[PDB]
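Residue-level structural notes
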Amino acid sequence: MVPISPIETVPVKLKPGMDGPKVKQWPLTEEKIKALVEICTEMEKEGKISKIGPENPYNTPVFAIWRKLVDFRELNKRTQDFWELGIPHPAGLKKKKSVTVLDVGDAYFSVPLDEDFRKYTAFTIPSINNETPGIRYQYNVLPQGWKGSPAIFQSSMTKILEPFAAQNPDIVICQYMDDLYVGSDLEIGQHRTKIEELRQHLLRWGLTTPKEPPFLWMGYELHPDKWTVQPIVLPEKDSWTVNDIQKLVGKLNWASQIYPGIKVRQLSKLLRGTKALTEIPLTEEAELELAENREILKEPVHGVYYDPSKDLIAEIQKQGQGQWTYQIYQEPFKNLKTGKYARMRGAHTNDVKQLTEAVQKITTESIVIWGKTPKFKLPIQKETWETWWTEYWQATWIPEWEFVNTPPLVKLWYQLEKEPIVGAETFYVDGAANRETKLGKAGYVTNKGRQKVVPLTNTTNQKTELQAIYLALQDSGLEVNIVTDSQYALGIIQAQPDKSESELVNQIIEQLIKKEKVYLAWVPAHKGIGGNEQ
Amino acid sequence: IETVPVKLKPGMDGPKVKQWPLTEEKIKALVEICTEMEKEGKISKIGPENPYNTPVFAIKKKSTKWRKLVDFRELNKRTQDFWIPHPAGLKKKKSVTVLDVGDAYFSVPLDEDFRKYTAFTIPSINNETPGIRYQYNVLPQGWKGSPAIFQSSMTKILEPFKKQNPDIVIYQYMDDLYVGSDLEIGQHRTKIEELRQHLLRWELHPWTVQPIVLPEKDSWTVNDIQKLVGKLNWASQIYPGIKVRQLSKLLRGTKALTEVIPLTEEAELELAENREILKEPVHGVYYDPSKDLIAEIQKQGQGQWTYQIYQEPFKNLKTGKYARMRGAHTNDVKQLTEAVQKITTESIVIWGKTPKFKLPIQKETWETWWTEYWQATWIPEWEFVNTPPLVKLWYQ
Ligand SMILES: N#Cc1ccc2c(Oc3ccc(F)cc3OCCn3ccc(=O)[nH]c3=O)cc(F)cc2c1
């Protein structure tokens, strides 16, 4: 016998204040008992387990479905924490002339367990009628379902594959759980030769190896020249529940990585605060969303693989209602992948901020996938971004980008003057409201003698302060100076929203858009400043 | 050559912080640097039995060579408190030079039981391969325990220089050594070179709380007086005797903002009294070492930034205005990063510790780009203010 290479074990300790689990055994039928006896006998003949003496006080339950199902639940609650998360995305994979899949078999059982920890993996097989002591075993290798088995196996597989990878730089090896994916641009005969060399090198340590394209891997379809997602099954039910909507949203989100134009806003709004598995009709906008998405998922869509010699490009389009979509590609009409971004939950916002957030998301996702920031094509003029970031009170930045003219274009709808306006009428505005009766007033006075006060019902101090500004915008010319004491209203307008969840703010914005020059000044209230006619 | 025993704080497990993604060039540079450090015994590869992790990234300091920087923030706040009065003469010196003595820590070995807490991971692109895990066998730069342990050795190394030039103040924070003197710039420059050669064997000019000033005009408009009353009303939160009733009386009526209003004698008297009040410092402003320092930053535009360091509201310990123009005109985030670094440096010089920043930037933008322009070996704490301040023009 040629001795297989030794594999050093990884020391394992249980969490502090805990000791080996001593869980009793559940009653099993005689068929289960005999099957477990035969299985454990074969495993012991192979060296995976060993019969143990009664000194070992630690035990773990075990069932049978034949297949043995040892339950290490309490042992996992007592075992320490280990390292290791995300899966490799197909769009980041680099086109190779040959790709081989090798599935390691008896993988965990190939790696030995720490000898000072085997005593805590013991289990008892219940004898027939419990007239005898139960058969006792301990695991000598990595058990199935254990907390530490995946990390220890991964570390061992890496330490074994390292010399072969270093000696063969002309091939690239990806390691994922119990599978190895070897890609190379060599000739097919040289490729198969290096595969045989690899599985021989793995056999030296005692690892057994045996699929062909297309590869069904982690919900993806991996073809030699393209990649896509596995067929998505969108259920059709006249009656929907919250668990159903959540599952439908997740499937739509998954399909959105390659299918462009997927929208999930309307369906996501339905599951707001339910937190209940059983409960929902579809609004007219939502039925379109599911029908739009059903139309999008009707036609085949494939993505390509990544070429490092070509530039990385991401183009962004505005969808409306706070929804954004982007496509990441290198050559025209051949996308590496797609995606979407939904605006954060807020009362006020504008297009430029949302576009910036989308750029940040695409940038982070790009650094994860391809390890580099892509060039951007954005539906915004250079002048618009220039004026925006130069006058924005916050520091903001977008990486290298260029303007693509695909409407709708992101623009600045209004801009406040930095200095008062000569020849423009000066509207001193003010509003107030009673706290108990919810009654209030909003009005303005001007330098030319123009005045107005409007009675208001079911309003607040903030609503009246906004209403006063709205009145001043309504009755003024193309150029207007406005004085207010509301820090609230000034704080809203200085955030420069183009849309709001408040109808009054939206109307104020619509009035601002129609204006030429608007100067919005602020003064302290109740200081006796004239014109501030509270 | 004998390790000092080091432990963590009671009831606190080792640090487990997510490693953020890195670009391919930074990954390459970290691979090469960590390979060289591995061949020098400074770090060693570790197995999966180490659950702890500390973030690490690559920076280019002031030059072209890449440098490995480790974000030991979570480890520092979890590392036990280790048991020097801050040299208050350091901020009173004419010139102070900052030196990097990080290459001295890599000689002292680290405690064997503590190394597992210094674990870090070099990430891989697209998660195609598991990250490369290392732990520190020697004292790690950026960890607050490294200078606390090397304090005795550094005291020995610098004992001759201190006796030779007792007028030169020497302070140490993290991997940086601050050297102050009241000598001429050229005299101190050569003396710093002498200290460098002495270290081989084995540009700052300290700045006040800027005053609040009011415009001096011959003719005032309605808008001018409105801004003046608003600024004086804001300043009344800081100063006791600020009054604006006689200036607010001038704004009586409904006049155009560009209309010039002549000042009365009561208004000029009130304005003059406000000026004299502002010329005096703030009443009862002390520093508390048991409280954190808060630093607010405002973007004024045209590369101009303002900042205020305080502990209690309207009780500023330090004010300033950063306006450097070196290769950052287009990028606001870069200017904010350098501004945060300079404020942190000054805070280290004055009080010996870093403040907590309130940054005028969205969290996502800052988190995405702040590491691309960071040249410092320490990292301060920060939060994000998404509501526009009104005091922006009141500090300009
Ligand atoms: N089941 C399964 C399976 C098969 C191959 C995979 C893969 O494969 C690759 C492995 C190493 C490598 F360098 C490059 C790979 O793919 C580059 C792109 N690609 C892909 C498939 C193909 O047929 N041809 C081709 O060019 C990379 C990967 F993450 C996961 C994989 C999972």
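The residue numbering used throughout counts from 1 along each chain in the order its sequence is written. It may not match the entry numbering, and residues with no coordinates are not shown. For this description, chains carry letters from A and ligands carry numbers from 1, given in the order in which they are written. In computing side-chain properties, one takes all heavy atoms of the structure into account and sets aside hydrogens as well as water. Residues with missing side-chain atoms are left out of burial classes, side-chain pairs and their counts.

- The PDB entry lists chain B under the name p51 RT, from Human immunodeficiency virus 1.

- Per the PDB entry, chain A carries the name Reverse transcriptase/ribonuclease H and comes from Human immunodeficiency virus 1.

Concerning the sheet that holds strand 18 (residues 425-433) of chain A
All names here are of chain A.
- Think of it this way: DSSP has to see at least two bridges between two strands before they count as a pair. Secondary structure elements are defined from DSSP: runs of H or I of at least 4 residues count as helices, runs of E of at least 2 residues count as strands, and each element is numbered from the N terminus. Overall, mixed pairing links the five strands, which are arranged 20-19-18-21-23 in an open sheet. A strand with exactly one partner marks an edge of an open sheet, and here the two such strands are strand 20 (451-457) and strand 23 (517-522). Direction aside, neighbouring strands of the sheet carry axes that sit 20 degrees apart on average.
- By the bridge criterion, four bridges tie strand 18 to strand 21 (residues 479-484) in an arrangement that is parallel. Bridging across to strand 21, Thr 426 finds its partner in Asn 481. Here an axis means a line fitted to C-alpha atoms, over the contact stretch when the element is a helix, while the angle between two N-to-C directions is reported on a 0 to 180 degree scale.

Some words on the pattern of salt bridges
- Salt bridge, as used here, is a side-chain nitrogen of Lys or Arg placed within 4 Å of a carboxyl oxygen of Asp or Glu. Evaluated as defined, the whole model comprises 37 salt bridges over all chains.
- Note that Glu 365 of chain A is salt-bridged to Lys 337 of chain A, the shortest N-O span being 3.1 Å. Here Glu 365 of chain A, found in helix 9 (residues 351-369), pairs with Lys 337 of chain A, found in strand 14 (residues 334-342); they are 28 residues apart in sequence, far enough to count as distant.
- Linking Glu 296 of chain B and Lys 358 of chain B is a salt bridge whose minimum nitrogen-to-oxygen distance equals 3.2 Å. Residue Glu 296 of chain B is found in strand 11 (residues 294-301), and its partner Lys 358 of chain B is found in strand 14 (residues 356-359); the two are separated by 62 residues along the sequence.
- Three or more residues joined by partner-sharing salt bridges are found here, namely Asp 81 and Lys 147 of chain A together with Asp 13 and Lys 16 of chain B.

Regarding the site of the ligand
All names here are of chain A.
- If you check the shell around the ligand, you find 17 residues, and the closest are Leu 93, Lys 94, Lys 96, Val 172 and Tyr 305.
- The definition of a polar contact used here is a pair of N or O atoms within 3.5 Å, where within protein one atom must be able to donate a hydrogen and the other to accept one, and adjacent residues in sequence count solely through side-chain atom pairs. Between the ligand and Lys 96 there is a distance of 2.9 Å, counted from an oxygen atom to a backbone nitrogen or oxygen.
- Note that a nitrogen atom of the ligand is positioned 3.3 Å from one of the backbone N or O atoms of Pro 224.
- Burial of the ligand by the surrounding chains reaches 97%, relative to a free accessible area of 630 Å².
- When residue character is reported, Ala, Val, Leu, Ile, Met, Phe, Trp, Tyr, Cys and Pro are called nonpolar, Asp, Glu, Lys and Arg charged, and the others, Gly included, polar. Each residue belonging to the shell around the ligand can be placed in one class, and the counts come to twelve nonpolar, two polar and three charged.
- Both of domain 2 (85-108 + 150-213) and domain 3 (214-306) provide at least three residues apiece to the shell around the ligand. For this description, a residue counts as near a given molecule or strand if any of its non-hydrogen atoms is within 4 Å of it. Residue-level accessible areas treat just the shown protein chains as cover; the underlying method is Shrake-Rupley with a 1.4 Å probe. Domain limits in this description derive from either an automatic procedure or a database domain assignment.

Observations regarding the sheet that holds strand 5 (residues 120-122) of chain B
All names here are of chain B.
- Here we have three strands laid out as an open sheet, ordered 1-6-5, and antiparallel in their pairing. Each end of this open sheet is capped by a strand with a single partner; those strands are strand 1 (43-45) and strand 5. The average angle at which neighbouring strand axes cross in this sheet is 40 degrees, direction not considered.
- Examined bridge by bridge, strand 1 and strand 6 (residues 132-136) share three bridges and lie antiparallel to one another. Bridged to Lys 45 within strand 6 is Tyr 134.

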